[PDB]
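Q: Quick one: the structure is below, and I'll ask about it shortly.
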Amino acid sequence: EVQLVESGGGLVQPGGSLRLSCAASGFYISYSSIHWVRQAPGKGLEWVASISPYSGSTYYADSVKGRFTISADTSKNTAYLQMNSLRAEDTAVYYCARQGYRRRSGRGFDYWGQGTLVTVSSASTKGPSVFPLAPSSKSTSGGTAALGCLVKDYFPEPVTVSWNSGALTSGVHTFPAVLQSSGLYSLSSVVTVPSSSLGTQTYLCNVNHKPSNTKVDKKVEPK
Amino acid sequence: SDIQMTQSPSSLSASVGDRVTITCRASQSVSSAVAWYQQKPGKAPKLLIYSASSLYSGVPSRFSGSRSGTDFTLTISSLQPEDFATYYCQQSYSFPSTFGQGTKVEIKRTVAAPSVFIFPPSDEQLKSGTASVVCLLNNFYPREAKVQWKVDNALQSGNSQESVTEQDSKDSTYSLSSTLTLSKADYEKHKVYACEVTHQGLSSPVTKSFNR
RNA sequence: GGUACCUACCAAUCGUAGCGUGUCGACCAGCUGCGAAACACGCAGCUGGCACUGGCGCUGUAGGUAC
Ligand SMILES: CN(CCO)c1ccc2cc(/C=C(\C#N)c3ccc(C#N)cc3)sc2c1
Ligand SMILES: [Mg+2]
Ligand SMILES: [Mg+2]
């Protein structure tokens with residue numbers, strides 16, 4: 001019943017501004033202190049900001065003190081985090097959280113907020129080039145061949161990769177993206193499949209990069 | 001910042017049924033206003049413990065929280081498979097709130113030799129002026145492995161990127177990918193491309209190669 | 001003479017002529033329970049201060065008023 005759904009993430013340039021929204025359902029925000037936490041990619045949780053009930057007092061972390069502003073609209077039951085003069089240390093998944101009730105889970109954050117990614121970079125949005133990683137023609141490693149797709153030179157995160165439009169999920173490994181020397185992301189999504197059934201079965205990788213609004217469907221095939 | 005929460009260990013590998021203990025030290029007193037959260041990869045945290053010893057409704061009883069002065073301890077008695085994850089501590093005694101560094105609890109299992117595969121570049125990429133050769137180490141444990149590239153026989157260096165997946169939820173293994181990037185001409189100039197993998201599960205380094 | 005009362009009784013020290021007494025409450029700080037409640041606001045309680053409130057008990061001296 002209690003849900004916290006946020007929005008507003010995306011890519012913004014250094015020094016730019018951007019606002020995140022956090023809509024709440026199943027409870028009235030005016031009766032709970034609401035917090036903004038963040039997690040940089042592959043980093044620990046970082047408390048960012050908080051707003052208290054009935055007084056409206058606002059508290060901020062040192063890293064963002066003076067640049068961020070937390071607010072709330074009761075008529076819309078939504079919290080807001082304005083972020084100004086953004087630096088490259090502000091890129092992270094931002095979580096909206098609701099502090100529990102005092103007499104049950106005192107000061108503990110029950111019910112967090114999925115999350116929303118904020119990227120701060122001067123690089124420009126670009127869709128990936130999708131290439132095939134064809135099955136090994138030499139032998140096939142004991143009845144199980146390996147194929148894949150290479151999603152290269154895209155920015156910003158994220159992308160989503162499926163196989164056969166969701167029909168294939170067993171033995172799939174979509175690797176985390178890595179920043180190449182060029183400043184763009186690249187990854188590969190591989191799958192292991194029975195080699196005897198290779199020729200008969202069709203394998204397609206579906207890559208979606210919503211930032212650039214690009215969708216690619218790539219065949220593989222043994223050649 | 002005001003109070004610092006130093007968490008230890010930064011990670012560990014535990015068998016199922018093992019007891020694990022994680023400790024957060026507050027730079028100064030924080031009373032009992034400490035909480036513990038569990039976070040799975042690609043997911044939001046979940047409240048495990050609040051008020052330095054109380055259990056959150058719905059949390060199993062194998063999770064316990066204790067306090068001794070400025071030291072707080074999360075204890076998982078008899079670690080279970082669904083408990084592998086990153087645990088964080090929080091101090092809410094005074095603003096700004098502080099989180100611990102986190103402790104990544106991964107499951108330990110028997111060693112599994114990797115499955116090594118090599119993938120040459122596609123004709124499209126070559127036409128684009130670049131060539132990416134991929135080496136894939138599939139389903140191995142432990143996470144530690146060594147991969148080296150060799151064209152002709154020149155041990156390559158400084159032109160390969162490495163990525164690795166999170167522990168598999170089904171078999172607890174890892175998968176790794178090395179990617180060697182060259183130019184079109186550079187790739188045409190050499191014949192054999194090979195990937196050499198050394199791992200605890202391989203008595204001898206295994207090589208996988210092809211000819212352009 | 002008696003009783004009652006009015007006024008006055010250096011400075012310092014809360015106050016008083018002096019001695020004693022620190023409150024139904026005010027104020028300053030801190031703590032706790034509770035109000036959907038970390039601060040702020042509200043209600044109730046506690047601890048320490050303070051003496052705004054100059055009350056209460058006792059004991060006067062001088063002058064004066066009235067029975
Ligand atoms: C023993 N000590 C010295 C210790 O420091 C003291 C000193 C002064 C003092 C002052 C006191 C005054 C009151 C009391 N109760 C009082 C009562 C009601 C009203 C009204 N309306 C106004 C005031 S009592 C007391 C005790
Ligand atoms: Mg005097
Ligand atoms: Mg006075």
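Chain labels follow the order of the structure tokens: the first chain is A, the next B, and so on; residue numbering restarts at 1 in every chain, and ligands are counted from 1 in their shown order.
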Could you please extract the residues within 10 Å of ligand 2, counting only C-alpha atoms (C1' of nucleotides) and all ligand atoms, and hand them back as an MDAnalysis selection string?
A: chainID C and resid 9:13 15:17
Q: List as a Markdown table every residue of chain C that is in contact with chain A, defined as an atom at most 10 Å from one of its atoms (using only C-alpha atoms (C1' of nucleotides)), together with the nearest atom pair and the distance in Å rounded to one decimal, sorted by chain and then rising number.
A:
| residue | atom | partner | partner_atom | distance |
| --- | --- | --- | --- | --- |
| C:36 | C1' | A:31 | CA | 4.8 |
| C:37 | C1' | A:53 | CA | 6.9 |
| C:38 | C1' | A:107 | CA | 8.0 |
| C:39 | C1' | A:57 | CA | 6.6 |
| C:40 | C1' | A:55 | CA | 5.4 |
| C:41 | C1' | A:55 | CA | 7.6 |
Q: With a distance threshold of 8 Å and counting only C-alpha atoms, extract the residues of chain A near chain B and express them as number ranges by chain.
A: A: 44-47, 59-62, 95, 105-115, 131-136, 146, 173-178, 180, 188
Q: Going by DSSP on the backbone, which residues of range 78-126 of chain B come out as alpha helix (DSSP H)? List them as a compact mmCIF listing (two decimals) with C-alpha atoms, in the first residue's frame.
A:
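Saved to part_31.txt:
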# COMPACT_ATOMS: atom_id res chain seq x y z
CA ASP B 123 32.59 -7.51 -40.26
CA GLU B 124 30.52 -4.43 -39.42
CA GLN B 125 32.97 -3.27 -36.74
CA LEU B 126 35.94 -3.87 -39.04
Q: Just want the residues within 7 Å of ligand 3, written as a PDB file with N, CA, C and O atoms (P, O5', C5', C4', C3', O3' and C1' of nucleotides), in the first residue's frame, counting only C-alpha atoms (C1' of nucleotides) and all ligand atoms.
A:
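The resulting selection.pdb:
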ATOM      1  P     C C  52      13.304  39.741  41.820  1.00  0.00           P
ATOM      2  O5'   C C  52      12.836  39.565  40.309  1.00  0.00           O
ATOM      3  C5'   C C  52      12.380  40.670  39.543  1.00  0.00           C
ATOM      4  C4'   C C  52      11.115  40.331  38.793  1.00  0.00           C
ATOM      5  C3'   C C  52       9.837  40.330  39.620  1.00  0.00           C
ATOM      6  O3'   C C  52       9.284  41.628  39.759  1.00  0.00           O
ATOM      7  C1'   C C  52       9.938  38.343  38.331  1.00  0.00           C
ATOM      8  P     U C  53       8.553  42.069  41.118  1.00  0.00           P
ATOM      9  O5'   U C  53       7.566  40.863  41.449  1.00  0.00           O
ATOM     10  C5'   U C  53       6.381  40.650  40.694  1.00  0.00           C
ATOM     11  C4'   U C  53       5.664  39.406  41.154  1.00  0.00           C
ATOM     12  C3'   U C  53       5.234  39.393  42.614  1.00  0.00           C
ATOM     13  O3'   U C  53       3.985  40.037  42.809  1.00  0.00           O
ATOM     14  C1'   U C  53       6.324  37.353  42.079  1.00  0.00           C
ATOM     15  P     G C  54       3.844  41.296  43.797  1.00  0.00           P
ATOM     16  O5'   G C  54       4.405  40.762  45.186  1.00  0.00           O
ATOM     17  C5'   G C  54       5.636  41.264  45.683  1.00  0.00           C
ATOM     18  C4'   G C  54       6.027  40.646  46.998  1.00  0.00           C
ATOM     19  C3'   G C  54       6.321  41.661  48.095  1.00  0.00           C
ATOM     20  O3'   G C  54       6.115  41.069  49.377  1.00  0.00           O
ATOM     21  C1'   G C  54       8.311  40.537  47.518  1.00  0.00           C
TER      22        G C  54
END
Q: List every residue of chain A that DSSP, applied to the backbone of this structure, assigns to strand (DSSP E), and report them as a PyMOL selection string.
A: chain A and resi 3-7+10-12+18-25+34-39+45-51+58-60+68-73+78-83+92-101+104-110+116-120+129-133+144-154+160-163+172-174+178-179+185-194+204-209+214-219
Q: Can I get the residues close to ligand 1 as number ranges by chain, where close means within 12 Å and we count only C-alpha atoms (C1' of nucleotides) and all ligand atoms?
A: C: 13-16, 19-26, 49-57
